[PDB]
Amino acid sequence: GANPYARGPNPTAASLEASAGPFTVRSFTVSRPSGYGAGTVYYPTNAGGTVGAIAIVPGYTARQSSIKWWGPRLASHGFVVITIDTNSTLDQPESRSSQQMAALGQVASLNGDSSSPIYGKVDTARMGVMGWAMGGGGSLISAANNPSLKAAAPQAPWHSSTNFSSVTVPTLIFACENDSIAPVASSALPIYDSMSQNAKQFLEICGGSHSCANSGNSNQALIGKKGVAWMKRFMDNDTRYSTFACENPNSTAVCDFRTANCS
């Protein structure tokens, strides 16, 4: 019958482009981080069923502020979102992946903690990974190592190897045209081209610096619609989002669009 994971009203371009989704969001600071530096958990208060969880990691030198906008944007659509600070702001992609996974593990633990605001709010079997730059590379390593993850959506990713041919997890790569830190042509695009087994998409923002998908970006309507639609489609199996997830958005803000194996 019905998809047991579907949450929220039927989507529209306007409802996905809006600053906020349909659910009320609250947040808390993790009192004792397990395996990472610090975290903030964003959650819907009124989703109507258990929701999946997404862990988001910053880039080199960076903190939760760089990635914070995703917490309310995704949680308002029916997700538990943990944004993390790493043990060191100078940790590399492998370590960022371990930390990201440790954060997912703690979100799973908090689902079982009767003192937590997310007690019984999480479907621990449905998880996703995001992150910026080295954190984007960490997210891809997470996906490679943990193929039960349901979706990945890194931004301006970098890793010392571009070979992510082992990834079977649906992966959306946000890229920034004018990235001077992790140039598209040597980083995000080779990573995208490596992936052969999965649903995948590539979305490059015209004129974007390395921070083009960070908090305070000027394309939150398009980037947020894409990120939410990809997570809805693949973490929730929610085919109401198939077109939003798979379409070329036909946008003057998009300077490179690719997709494969999307339905």
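Numbering starts at 1 and runs along the sequence shown.
Peer 1: With reference to the PDB entry, specify whether the mean Cα temperature factor is higher for 78 to 86 or for 112 to 120.
Peer 2: The stretch with the larger mean CA B-factor is 112 to 120.
Peer 1: Look over 201 to 209 and 50 to 58 in the entry and identify the one with the greater average Cα temperature factor.
Peer 2: For C-alpha atoms only, the mean B-factor is higher in 201 to 209.
Peer 1: Using only the C-alpha B-factors in the record, can you name which of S66, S196, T40, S218 has the highest?
Peer 2: The record points to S218.
Peer 1: Among the modelled residues of its chain, does the C-alpha B-factor of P154 lie in the lowest, middle or highest third?
Peer 2: Lowest third - that is where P154 ends up once the chain's C-alpha B-factors are sorted.
Peer 1: By its CA B factor, does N261 count among the lowest, middle or highest third of the modelled residues in the chain?
Peer 2: As the PDB entry reports it, the C-alpha B-factor of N261 lands in the middle third of its chain.
Peer 1: Lowest, middle or highest third: where is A143 by C-alpha B factor in its chain?
Peer 2: It belongs to the lowest third of the chain when residues are ordered by C-alpha B-factor.
Peer 1: What third of its chain's C-alpha B-factors does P93 belong to: lowest, middle or highest?
Peer 2: Lowest third.
Peer 1: What third of the chain does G35 rank in for C-alpha temperature factor, lowest, middle or highest?
Peer 2: Within its chain, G35 is a highest-third residue by C-alpha B-factor, going by the deposited values.
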